[PDB]
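Visitor: The structure is given below, and queries will be raised subsequently.
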Amino acid sequence: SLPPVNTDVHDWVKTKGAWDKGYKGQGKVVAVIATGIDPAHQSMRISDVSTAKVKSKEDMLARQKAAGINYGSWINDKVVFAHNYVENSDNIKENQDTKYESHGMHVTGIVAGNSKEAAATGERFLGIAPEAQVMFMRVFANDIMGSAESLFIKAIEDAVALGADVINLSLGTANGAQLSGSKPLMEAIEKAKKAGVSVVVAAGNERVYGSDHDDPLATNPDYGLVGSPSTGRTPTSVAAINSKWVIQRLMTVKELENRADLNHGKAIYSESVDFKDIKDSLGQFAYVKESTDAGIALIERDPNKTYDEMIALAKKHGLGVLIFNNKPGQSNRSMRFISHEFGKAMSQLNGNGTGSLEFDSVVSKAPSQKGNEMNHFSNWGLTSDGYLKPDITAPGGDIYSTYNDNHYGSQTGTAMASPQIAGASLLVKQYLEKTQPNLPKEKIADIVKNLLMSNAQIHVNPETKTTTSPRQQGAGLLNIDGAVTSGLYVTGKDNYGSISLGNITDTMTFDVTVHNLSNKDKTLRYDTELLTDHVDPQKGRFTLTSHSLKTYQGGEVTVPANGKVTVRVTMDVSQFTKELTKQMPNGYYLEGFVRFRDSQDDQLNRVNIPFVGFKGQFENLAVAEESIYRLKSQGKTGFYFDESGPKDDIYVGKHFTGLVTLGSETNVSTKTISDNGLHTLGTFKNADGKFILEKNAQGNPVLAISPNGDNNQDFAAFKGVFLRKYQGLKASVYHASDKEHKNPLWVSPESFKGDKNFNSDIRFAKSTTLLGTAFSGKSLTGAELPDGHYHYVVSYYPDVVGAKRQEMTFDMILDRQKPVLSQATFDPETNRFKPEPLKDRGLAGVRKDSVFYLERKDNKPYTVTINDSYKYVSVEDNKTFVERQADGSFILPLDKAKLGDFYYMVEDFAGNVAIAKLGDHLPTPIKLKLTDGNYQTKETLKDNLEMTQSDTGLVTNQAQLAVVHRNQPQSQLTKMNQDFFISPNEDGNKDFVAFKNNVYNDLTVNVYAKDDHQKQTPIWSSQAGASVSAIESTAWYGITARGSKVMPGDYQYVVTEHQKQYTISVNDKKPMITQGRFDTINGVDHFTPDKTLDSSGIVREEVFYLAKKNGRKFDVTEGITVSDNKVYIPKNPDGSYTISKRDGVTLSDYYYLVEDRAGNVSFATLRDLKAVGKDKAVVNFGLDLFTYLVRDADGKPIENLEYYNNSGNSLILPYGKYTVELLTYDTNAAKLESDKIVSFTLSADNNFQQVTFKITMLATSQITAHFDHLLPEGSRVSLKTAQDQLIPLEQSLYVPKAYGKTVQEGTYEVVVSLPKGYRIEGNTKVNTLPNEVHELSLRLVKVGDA
Ligand SMILES: [Ca+2]
Ligand SMILES: [Ca+2]
Ligand SMILES: [Ca+2]
């Protein structure tokens, strides 16, 4: 009578086994944290509310009051609680086939669907736990805060507090660590486990390292991408397998209805990125078979001719393009007029004649072409710190579940596999509460997981016929019946359902424990299967399939009733070492399963445990791919490097480990107003515009910089292809002579951490540039390091405790000296210009010499290029080069230009350019003197000041900041006799403080913080040779000696029997523009801005409109300067500005500009300020060094939010008393210092309120205690906090002598308690630094009583 239950998944995962025992999920609650839900769906129902946890709306209201939750609502007997956490509302339904799509709804159907009504297959669809209640937390990623981790934490805490049994979380970041995830998220998950809550999370959908590019290289075995928080020990990580059955629109051939091997005449068909089958049919067609692709079309796929040329041929001959595969048994290809592909076997019988064809509109069941195969995108292990994740597998590919408005659809992902496990966890919890009632809250989540893992069914790849890797499937495929029928689970030393062995040498030895929850003894027979990765011998890449090595018999073991037994598994793996070390030279995985079964019958008591070890040193595998310079000299190739283009082309957008720098062209006719962007260090532009890694006379490349301020090769920064997650990355400089790298001359002020360049899709980068590692040729004290041979060293660590520090050394030259131009000969007979043989002044060496003249185009020797897309202006010399002859001479074309109009240019490998204009020394070869015309030089700031007695002597820069154009505006020097405030942002306006009929000697400029009254320690000081003539030597740009920007605040700038002290405030906070007022007098509009110490004071106001010219809001004029098309409006005597109508100017074209005392500029559209009514007020909320709720005078939250000047943190409100409550903020990166609740009153007198939440920023560090020898049995290592708390440290998995943790920045002490007879020698104290790794080397010293 009632429709049949679809069992496509249920027969596979064995759900009936628990359902028959009475475990359907009644009395349980599942919290689904997802995108959206339709709580009205026919599936969202329970059979009996008498046995349910939340019996009514009143029961939930009581739960809310007791939990302190004054939001969210009960919806029905199934959806007992819902809230939208992003928007803070009860708008829980999404997307209000694509029309009804809802990820969250799909997910909810899988765990707890309970439809009474039949879907399109004629079957009703049920979830794993159909009688369970649902809690729905609507949380998702948004532009304002991408992670939304803080909202997911609050949702987790709510679910636990309101009474959930299981939580299904889709949140995730690839390559998760087990022991170093975010502190508030890991704490929230740990409080859930303590409450008896199972936390179920998808593994992710990124496959392995390089999945969007190619298979990983056999030399790079750390390719795991399993995501965080699933990589946490507490959550259950879920991998996905493809369903054996698919429900979709198929293709029917009624004559082939008698073929049960061909799904009774129904076929699966595929299309490319563009779908055009709608234009062909909806819901009969005669087809015709073709044998040749030469002169509906039924055709066999051709390996020679493309899909395009097969389709085109069918159009020319006459209906449709039904392409059938040439490979038997193969799934349909992605093909990338109407066309579609389908199976070979299906068309071997379609091919036999001519007849019927019909594309069905309604979905139908079909066996999957890729069924019982691990999903291609399912995330593999290991964990970034080397633990075995994921934990288990469940069907996630082609899952048919609930969509909006009683609809249904198919979706693929670990996100569909996750609710299978969430549902199963509800049934196992219900089973343990009945059968093990004394098992406490705090222990139940670990046992639910252990039963599901041990009773899981081990997958065998149906193609290779080999056991799927534990790193891909985990413990195996979900078996619900086994987890509720057997009373058995398997554990290792750690008390977990899987074993992570650490490093392997010649032997694998581990202890396996079987637990019996039943009243009778069980005799099990066991064997262990050993596997490794299969490598393609032709490509030297991992195939991501396994190789079975050996099966070891273990014999029989008896597991006592209500008890446990422990066995030892020993395996000598040395016999395989030679063969496998050849294939995988940097080490390889040794993994598999210990399989237990009943000694009497094969079918009963099938329980198992996955294990994984690494043969080698997992902790010391390369973090960064070898440099492009080193790869090129060995003839090797990088994983992501594009080898196309000319020989040795290293275009900077390519993906490699190397050094980058900024280029700036040298012009001869005008000044350079723009740089050329970044380029690869050691590469130079050829005649075709391509950057080539050029060689010196010795055939080696040269890495050299010229830090002289001309913006051409001034610095060198690290760029890397990261193979593994890294931490504590920094750059350091040494003398080339300092081979041991003992005396650092300069260290990057900051340290870095980040992800491996996994490149799962186009959004994930294949390489990372770290501009923070830039070396500009200055020491730690900011002194100029002299020209010479240095070593630029990039050091970093893997995310594995005990790993050795890794480093990449680059030989680098500092050379600030232009090459030598002296003499040349010129032969009037042949026009031969012969310069003196090439010589460089410095160590870099001359790379190229050239000759050019200036081509006059449009009566100018230069070209002004206007890039409207970036609103940028470029100016370039029209350089026309003369060919260099084999003997190094040049034949000057005198018809093109006169002898005196030729330039001779010499450039070194460091970026130093010498240019001589032939003709500066002009009135058979005639001798000709050459000198550089100083064309390449550091720009100099306009100094047209005269210092009078009244002046303080303090100088600064001034520049008009742009609204439209992106060119660096003209800046000039100005006096600072008032408003001693600076904005160190290098925009040309008040960026620094400097000192200018007198004479000064021993000039000494020093800067000290506010409280340094005794002048004890300067933060910055001037460099040896400071003069009143050169303002650069005394200019302080709001930085430390190490080059870091000083924090906002006041400072002592003191010039030195004379000592001139001056207090300078630093602030780059943009001014906050208020709405002002608008009035219409005699038809003409009027704008009256609001009248305004602390650097927020306004020094100048502007009102203007941007007059559009030549399709742009900016103009370029020949001095060459770039300007905005600003038409100014004068201030009226009362204080207003007349916004008089102009023939083509609107209010959105008008602006109000303000400059503060610090030189920070803000501007706003007049139409934006006008959006606030004459009666309304504005409030702004911010953090100073998130989600908020505003309530009216009554206490009712505000509705119909009105946003001011395009800010989601600025609200337009009527007058009245209000309250603001800070609800969430990232507790991981920030700490709140002020009140969460703020009262503010908006009125006519106070029509603009600023409300700030004072926050302190948080940083992390890594501490590792590394010992001499292994610590004796009984030793405890912990870290002592400044607040007297002890953090227990555990022996690292890969480095047993090391103990470490990722901690918040602060002071710590390594505490060690040893048995009698030992002492620890060495420092235990550490003052940790941001993103830094602190290694503590300690000695275990034997001791005796005196
Ligand atoms: Ca330079
Ligand atoms: Ca040089
Ligand atoms: Ca500035």
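Chains: A, B, ... in order of the structure tokens. Residues: from 1 per chain. Ligands: from 1, in order shown.
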Just want the 9 Å neighbourhood of residue A:586, counted on only C-alpha atoms, with same-chain residues fewer than 4 positions away dropped. Output as number ranges by chain.

Guide: A: 218-221, 581, 615-617, 621

Visitor: Mind dumping the selected residues with N, CA, C and O atoms as an mmCIF file, in the first residue's frame?

Guide:
```
data_model
loop_
_atom_site.group_PDB
_atom_site.id
_atom_site.type_symbol
_atom_site.label_atom_id
_atom_site.label_comp_id
_atom_site.auth_asym_id
_atom_site.auth_seq_id
_atom_site.Cartn_x
_atom_site.Cartn_y
_atom_site.Cartn_z
ATOM 1 N N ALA A 218 56.375 10.957 -7.965
ATOM 2 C CA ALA A 218 56.804 9.871 -7.068
ATOM 3 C C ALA A 218 57.811 10.308 -5.986
ATOM 4 O O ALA A 218 57.919 9.647 -4.958
ATOM 5 N N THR A 219 58.480 11.470 -6.196
ATOM 6 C CA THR A 219 59.458 12.087 -5.282
ATOM 7 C C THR A 219 58.785 13.009 -4.245
ATOM 8 O O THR A 219 59.457 13.539 -3.358
ATOM 9 N N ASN A 220 57.461 13.200 -4.370
ATOM 10 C CA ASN A 220 56.663 14.069 -3.516
ATOM 11 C C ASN A 220 55.533 13.263 -2.860
ATOM 12 O O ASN A 220 54.392 13.423 -3.263
ATOM 13 N N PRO A 221 55.816 12.359 -1.885
ATOM 14 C CA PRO A 221 54.741 11.509 -1.364
ATOM 15 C C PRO A 221 53.760 12.163 -0.378
ATOM 16 O O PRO A 221 52.770 11.503 -0.045
ATOM 17 N N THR A 581 62.325 1.781 -3.091
ATOM 18 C CA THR A 581 63.187 2.970 -2.952
ATOM 19 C C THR A 581 63.557 3.487 -4.350
ATOM 20 O O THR A 581 63.741 4.692 -4.511
ATOM 21 N N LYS A 615 57.989 4.803 5.169
ATOM 22 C CA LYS A 615 59.355 4.279 5.119
ATOM 23 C C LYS A 615 60.305 5.405 4.702
ATOM 24 O O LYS A 615 60.409 5.750 3.525
ATOM 25 N N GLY A 616 60.918 6.022 5.702
ATOM 26 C CA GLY A 616 61.810 7.165 5.517
ATOM 27 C C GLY A 616 61.644 8.130 6.670
ATOM 28 O O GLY A 616 61.472 7.697 7.817
ATOM 29 N N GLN A 617 61.700 9.423 6.378
ATOM 30 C CA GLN A 617 61.518 10.502 7.339
ATOM 31 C C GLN A 617 60.437 11.456 6.860
ATOM 32 O O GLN A 617 60.742 12.422 6.162
ATOM 33 N N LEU A 621 60.574 15.636 4.698
ATOM 34 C CA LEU A 621 60.310 15.697 3.253
ATOM 35 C C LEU A 621 60.343 17.172 2.873
ATOM 36 O O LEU A 621 59.984 18.016 3.707
#
```

Visitor: Using DSSP on the backbone, list every residue of stretch 799-1036 of chain A that comes out as strand (DSSP E), and give them as a count of residues only.

Guide: 82

Visitor: Which of stretch 485-617 of chain A counts as alpha helix (DSSP H) under DSSP, as number ranges by chain please?

Guide: A: 485, 574-583

Visitor: Residues contacting ligand 3 - anything with an atom at most 7 Å away, using only C-alpha atoms and all ligand atoms - can you give me those as an NGL selection string?

Guide: :A and (982-991 or 1159-1160)

Visitor: I want to know what sits within 9 Å of residue A:414, based on only C-alpha atoms, with residues of the same chain fewer than 2 positions away left out; could you give that as a ChimeraX atom specification?

Guide: /A:170,201-205,238-241,375,377-379,393-397,412,416-418

Visitor: Only N, CA, C and O atoms, please: the residues just picked out, written as a tab-separated table (two decimals), in the first residue's frame.

Guide:
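The resulting out-v3.tsv:
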```
chain	number	residue	atom	x	y	z
A	170	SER	N	29.70	21.04	7.46
A	170	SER	CA	30.34	20.98	6.15
A	170	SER	C	31.58	21.89	6.04
A	170	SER	O	32.39	21.70	5.12
A	201	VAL	N	32.07	15.42	10.00
A	201	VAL	CA	32.54	16.39	9.01
A	201	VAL	C	33.07	15.69	7.74
A	201	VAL	O	33.83	14.72	7.82
A	202	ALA	N	32.70	16.22	6.59
A	202	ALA	CA	33.16	15.80	5.26
A	202	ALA	C	34.69	15.94	5.18
A	202	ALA	O	35.25	16.88	5.76
A	203	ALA	N	35.35	15.05	4.43
A	203	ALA	CA	36.82	15.09	4.27
A	203	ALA	C	37.24	16.26	3.38
A	203	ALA	O	38.31	16.82	3.61
A	204	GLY	N	36.39	16.62	2.41
A	204	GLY	CA	36.62	17.70	1.46
A	204	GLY	C	36.56	17.19	0.03
A	204	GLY	O	36.56	15.98	-0.18
A	205	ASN	N	36.56	18.09	-0.95
A	205	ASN	CA	36.48	17.65	-2.37
A	205	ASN	C	37.65	18.20	-3.19
A	205	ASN	O	37.38	18.84	-4.22
A	238	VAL	N	34.86	12.00	6.93
A	238	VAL	CA	34.14	11.16	5.97
A	238	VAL	C	34.54	11.34	4.51
A	238	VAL	O	34.33	12.40	3.92
A	239	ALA	N	34.99	10.22	3.90
A	239	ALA	CA	35.36	10.02	2.50
A	239	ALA	C	34.14	9.56	1.73
A	239	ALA	O	33.23	9.00	2.34
A	240	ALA	N	34.10	9.78	0.42
A	240	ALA	CA	32.95	9.39	-0.39
A	240	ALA	C	33.26	8.34	-1.45
A	240	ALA	O	34.29	8.39	-2.12
A	241	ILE	N	32.33	7.40	-1.61
A	241	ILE	CA	32.30	6.36	-2.63
A	241	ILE	C	31.10	6.68	-3.56
A	241	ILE	O	30.11	7.26	-3.10
A	375	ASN	N	35.07	8.23	-4.83
A	375	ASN	CA	34.83	9.45	-5.62
A	375	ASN	C	36.14	10.10	-6.00
A	375	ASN	O	37.04	10.19	-5.17
A	377	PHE	N	36.93	13.14	-6.45
A	377	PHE	CA	37.28	14.36	-5.66
A	377	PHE	C	37.44	14.11	-4.16
A	377	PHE	O	37.94	15.01	-3.50
A	378	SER	N	37.10	12.92	-3.64
A	378	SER	CA	37.19	12.71	-2.17
A	378	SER	C	38.63	12.94	-1.68
A	378	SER	O	39.56	12.35	-2.25
A	379	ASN	N	38.77	13.71	-0.60
A	379	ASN	CA	40.09	14.10	-0.04
A	379	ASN	C	40.83	12.89	0.56
A	379	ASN	O	40.24	12.13	1.33
A	393	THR	N	34.28	5.75	5.11
A	393	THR	CA	33.67	5.98	3.80
A	393	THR	C	32.17	5.69	3.84
A	393	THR	O	31.75	4.82	4.59
A	394	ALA	N	31.38	6.40	3.00
A	394	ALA	CA	29.92	6.28	2.87
A	394	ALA	C	29.51	6.77	1.47
A	394	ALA	O	30.27	7.55	0.89
A	395	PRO	N	28.33	6.36	0.90
A	395	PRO	CA	27.98	6.83	-0.46
A	395	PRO	C	27.77	8.34	-0.54
A	395	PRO	O	26.98	8.91	0.22
A	396	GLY	N	28.51	8.98	-1.45
A	396	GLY	CA	28.47	10.42	-1.64
A	396	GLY	C	28.37	10.89	-3.08
A	396	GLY	O	28.09	12.07	-3.31
A	397	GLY	N	28.60	9.98	-4.03
A	397	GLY	CA	28.54	10.24	-5.47
A	397	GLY	C	27.22	9.81	-6.06
A	397	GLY	O	26.84	8.64	-5.92
A	412	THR	N	26.88	15.21	-5.67
A	412	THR	CA	28.14	14.50	-5.45
A	412	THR	C	29.05	15.28	-4.48
A	412	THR	O	29.22	16.50	-4.61
A	416	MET	N	27.70	14.80	1.01
A	416	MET	CA	26.54	13.89	0.89
A	416	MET	C	26.85	12.57	1.62
A	416	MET	O	25.92	11.89	2.05
A	417	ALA	N	28.16	12.22	1.74
A	417	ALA	CA	28.66	11.04	2.47
A	417	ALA	C	28.61	11.33	3.97
A	417	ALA	O	28.30	10.43	4.74
A	418	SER	N	28.91	12.58	4.38
A	418	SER	CA	28.90	13.02	5.78
A	418	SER	C	27.57	12.77	6.50
A	418	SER	O	27.63	12.17	7.57
```

Visitor: Report as JSON, numbers by chain all protein, DNA and RNA residues lying within 10 Å of residue A:1051, evaluated on only C-alpha atoms, omitting residues in the same chain fewer than 2 positions from it.

Guide: {"A": [1007, 1008, 1009, 1010, 1011, 1012, 1019, 1038, 1046, 1048, 1049, 1053, 1054, 1062, 1063, 1064, 1065, 1066]}

Visitor: Neighbours of residue A:810 within 12 Å (only C-alpha atoms; same-chain residues fewer than 6 positions away dropped), as a PyMOL selection string?

Guide: chain A and resi 626-630+657-659+681-682+701-704+716-718+731-736+789-795

Visitor: Counting only C-alpha atoms and all ligand atoms, what are the residues, protein, DNA or RNA alike, that approach ligand 1 to within 7 Å? I want them as a ChimeraX atom specification.

Guide: /A:705-714,816,911-912

Visitor: Looking at A:726, A:639, A:1267, A:909, which one is nearest to ligand 2, with distances taken over only C-alpha atoms and all ligand atoms?

Guide: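 Residue with the minimum atom-to-atom distance to ligand 2: A:909.
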
Visitor: List all protein, DNA and RNA residues that have any atom at most 9 Å from ligand 2, counting only C-alpha atoms and all ligand atoms, and write the list as a list in words.

Guide: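 If we count only C-alpha atoms and all ligand atoms, the neighbours of ligand 2 turn out to be residues 706, 814, 815, 816, 817, 818, 819, 820, 839, 840, 841, 842, 843, 844, 845, 846, 907, 908, 909, 910, 911, 912 and 913 of chain A.
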
Visitor: Pick out the residues sitting within 12 Å of stretch 1055-1058 of chain A, and hand them over as an MDAnalysis selection string; count only C-alpha atoms, and ignore anything fewer than 2 positions along from it in its own chain.

Guide: chainID A and resid 952:954 993:996 1000:1008 1021:1022 1026:1028 1033:1036 1052:1053 1060:1063

Visitor: Could you pull the residues within 9 Å of stretch 368-374 of chain A, counting only C-alpha atoms, minus those fewer than 6 positions along the same chain, as a list in words?

Guide: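 Surrounding residues, per the criterion: residues 239, 240, 241, 242, 243, 244, 245, 246, 268, 329, 330, 331, 332, 343, 393, 395, 397, 398, 459, 460, 461, 462, 463, 468, 472 and 473 of chain A.
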
Visitor: Please save C-alpha atoms of the selected residues as an mmCIF file, in the first residue's frame.

Guide:
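Contents of part02.cif, as written:
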```cif
data_model
loop_
_atom_site.group_PDB
_atom_site.id
_atom_site.type_symbol
_atom_site.label_atom_id
_atom_site.label_comp_id
_atom_site.auth_asym_id
_atom_site.auth_seq_id
_atom_site.Cartn_x
_atom_site.Cartn_y
_atom_site.Cartn_z
ATOM 1 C CA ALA A 239 35.364 10.025 2.500
ATOM 2 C CA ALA A 240 32.950 9.389 -0.394
ATOM 3 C CA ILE A 241 32.302 6.356 -2.631
ATOM 4 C CA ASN A 242 30.082 6.530 -5.769
ATOM 5 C CA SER A 243 26.532 5.010 -5.521
ATOM 6 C CA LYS A 244 25.883 1.771 -7.516
ATOM 7 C CA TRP A 245 22.621 3.308 -8.803
ATOM 8 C CA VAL A 246 21.810 6.702 -10.397
ATOM 9 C CA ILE A 268 22.889 7.152 -19.463
ATOM 10 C CA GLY A 329 32.896 -1.167 -20.275
ATOM 11 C CA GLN A 330 34.206 2.442 -20.104
ATOM 12 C CA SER A 331 32.126 5.281 -18.521
ATOM 13 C CA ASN A 332 31.090 8.227 -20.781
ATOM 14 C CA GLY A 343 28.183 3.629 -23.753
ATOM 15 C CA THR A 393 33.670 5.979 3.798
ATOM 16 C CA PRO A 395 27.983 6.834 -0.461
ATOM 17 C CA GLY A 397 28.541 10.244 -5.470
ATOM 18 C CA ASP A 398 25.170 10.610 -7.357
ATOM 19 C CA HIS A 459 36.873 -1.585 -0.270
ATOM 20 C CA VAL A 460 38.784 -3.324 -3.101
ATOM 21 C CA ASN A 461 39.290 -1.126 -6.197
ATOM 22 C CA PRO A 462 37.051 -2.763 -8.883
ATOM 23 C CA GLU A 463 39.459 -1.796 -11.695
ATOM 24 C CA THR A 468 41.805 0.732 -1.654
ATOM 25 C CA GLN A 472 41.532 7.186 0.726
ATOM 26 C CA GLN A 473 38.828 4.999 2.326
#
```

Visitor: What separation in Å, quoted to one decimal, exists between atom CA of residue A:614 and atom CA of residue A:587?

Guide: 7.0 Å

Visitor: Could you check which of A:940, A:259, A:351, A:1177 is closest to residue A:288, using only C-alpha atoms?

Guide: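 Looking only at the distances to residue A:288, the closest residue turns out to be A:351.
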
Visitor: Could you tell me which of A:1131, A:1240, A:214, A:6 comes closest to residue A:120 if we count only C-alpha atoms?

Guide: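 Comparing A:1131, A:1240, A:214, A:6 against residue A:120, the winner is A:6.
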
Visitor: Which residue, A:478, A:493, A:195, A:1289, has the smallest gap to residue A:440 when you use only C-alpha atoms?

Guide: A:195

Visitor: With distances taken over only C-alpha atoms, which residue among A:770, A:399, A:780, A:926 lies nearest residue A:832?

Guide: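 Counting only C-alpha atoms, the residue closest to residue A:832 is A:926.
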
Visitor: What is the distance, in Å and to one decimal place, between atom CA of residue A:181 and atom CA of residue A:1263?

Guide: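 Between atom CA of residue A:181 and atom CA of residue A:1263 the gap works out to 15.5 Å.
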
Visitor: What's the separation between atom CA of residue A:932 and atom CA of residue A:916, in Å to one decimal place?

Guide: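 Separation between atom CA of residue A:932 and atom CA of residue A:916: 4.6 Å.
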